[PDB]
């Protein structure tokens, strides 16, 4: 129950042994007989082994063993500072927390608290860097994006966590300025394109949901021909093969090929009478038509002159509707 100094120094499961008020009070004297390095190490391990769900409980435990004679020099000081480090880091992943970037910007991350307990900070961050970076990329506004990052680089310099936060911020920035923009092919043709950053933070692409039709249309319109296979391979790289984005992008490329081969060829009627023709598909990607048919309506109309009146009228009706679906 009451161990010697070295025995407390050598506990292999410190949270199971000292993780309540009773055990903390029983061992107060021998815990206070510890050197400051040994006390730091023991408090760090004690706080590491404490599961997240018990943290709050553990908090009250630390408060139960608090004494008036507990100044910033006893073991209670080390244990409370360690709990503070772990609580403030883990609250970044708290679902009830709406703005973790606020906590990071409000300088709630003390320099010396995370400087003395930097090993503990890195150990708490271990195996949680991707999750926290994803959360920060999801909730941080763009204006503060580079400030948040800077803080992380000052407190955790040359760490895996800061690198992951940079990566997630880059992926978010490029999904907003490039993928959802007028030139979504530049998202893929950028020199900074990193497939592993896209895969590690794939949840960030959830923002394009129910927008894959527009993105696919703009891709089919603006992507250079030599980049099409590359775009498709990258999408299949960080998206599911049955995801909306892949299906729609490949079908939009196919529709552009159909327009260029059959509609702008010698027998445009084959474009409309083929089993591959779909008014729904032409409408879904209507943005393709004004550009690719610019200054070609008369040649096609001449190549359709010998058709029946019903067929010619139907084709012209469909083209005017498709053009009306464009400019929208």
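Positions refer to the first chain, counted from 1.
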Of 98-106 and 235-243, the one with larger mean CA B-factor: 98-106
Higher-scoring stretch by recorded Cα B factor average, 44-52 or 57-65: 57-65
Residue selected from 72, 189, 223, 158 by maximal Cα B factor: 72
Top residue by Cα temperature factor, when 164, 172, 248, 145 are compared in the entry: 145
Residue 91 CA temperature factor, ranked by third within the chain: highest
Third of the chain's Cα B-factor distribution that residue 276 belongs to, per the entry: highest
Assigned third (lowest, middle, highest) for the C-alpha B factor of residue 38: middle
Chain thirds of CA B-factor: placement of residue 181: middle
Third of the chain, ranked by Cα B-factor, where residue 288 sits: lowest
